[PDB]
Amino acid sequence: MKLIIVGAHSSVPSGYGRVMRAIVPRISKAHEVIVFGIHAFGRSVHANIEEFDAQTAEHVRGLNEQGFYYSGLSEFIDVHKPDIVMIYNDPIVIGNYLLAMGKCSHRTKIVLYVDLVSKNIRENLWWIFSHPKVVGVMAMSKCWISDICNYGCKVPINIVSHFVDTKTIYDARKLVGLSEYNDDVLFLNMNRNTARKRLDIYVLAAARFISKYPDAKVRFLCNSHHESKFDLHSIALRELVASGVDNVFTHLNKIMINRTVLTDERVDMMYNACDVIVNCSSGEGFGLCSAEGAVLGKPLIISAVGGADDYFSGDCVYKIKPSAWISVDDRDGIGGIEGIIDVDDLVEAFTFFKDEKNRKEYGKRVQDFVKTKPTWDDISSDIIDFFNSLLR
């Protein structure tokens, strides 16, 4: 069959671009595939398969539609006359795409691959799952099935998770310039400083732990870009002052904040250099910044939310259940509800993993578990198996 995939361009170094570099060349040997690549930063990584540069074509026609190029998708499908059109992004973006090709010449058969991260997304977006043209839906996890079914979806739903592979680098500690901290156990959170990822709880818990164990050789690593909503050292300073502990400043310095944007391998070096990988976010479609440490044999503390909860655990990970629920509607146009973990639960989780006997045991568990997990070849073969069932 002739397939059209509407998603991130192969040049994009994002979460979406990561999977598009992997999934497309694997379906190329199964079906004739042509791509509608968006937000293109440079040239096409693939040498053979046809890919449309939607950002440059938008620049040529004289538009600034953020790089998505909705207005030209109508003309694009009419020429390429596909058997199946796949859409891969968050609720909002699909909503604009289906609105754009409402007057599209070819009678195609639409498949959705939604980026869902929170339950109870806004009502003005559920119409995409009931769309009389969408014949198939792809979810990132088992947890989203019930939701997608609640949003009024009468068509077959297929689970399409992700696989990940980080470079295993020996002597990583020294190479990222952490040589001075050889004695300390290092906790890592690679998540970006946004509300969803709740680094305020991370940094909050770090301060509680440090205050009750002021002499533990430990460091807490995290990232943050210029003047984002949470000032992480400021949050930690205030909780250390409230705790009554002496040497607030030296204790505060135990939280190490990276501000520069790293290369793909500095990220890999960072993963190898550390001892515990942490994610305490309120919403997860999948949670790449955790699975990436599981292959290296690092023990894991995760919030039991969304995709992370389904993907993990034969009791191989430290899972913290959300203690409360709030509305996320003020965050963005997607909205919904998310689960917040208790900070003190994160403190319990930390003291658990300052014991090296524990890090060794669970780090061995996660690696042996993620061994069984489906690779990109297993996943992409499941993608086409779902496509064949919708034609005959």
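Start at 1 with the first residue shown and count on from there.
When the mean C-alpha temperature factors of 79-87 and 297-305 are read from the deposited coordinates, 79-87 comes out higher. Here the stretch with the larger average CA B-factor, out of 101-109 and 178-186, is 101-109. The residue among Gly363, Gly335, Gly339, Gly37 whose C-alpha carries the highest B-factor in the deposited model is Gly37. Highest CA B-factor among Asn358, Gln367, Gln55, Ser327, as stated in the entry: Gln55. When all modelled residues of the chain are sorted by CA temperature factor, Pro322 is found within the lowest third. The PDB entry assigns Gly72 a C-alpha temperature factor belonging to the highest third of its chain's modelled residues. Ranked against the other modelled residues of its chain, the C-alpha B-factor of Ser130 as given in the entry falls in the highest third. In this PDB entry, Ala206 carries a Cα temperature factor that places it within the lowest third of its chain's modelled residues. In this PDB entry, the Cα temperature factor of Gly152 sits in the top third of its chain's modelled residues, the highest group.
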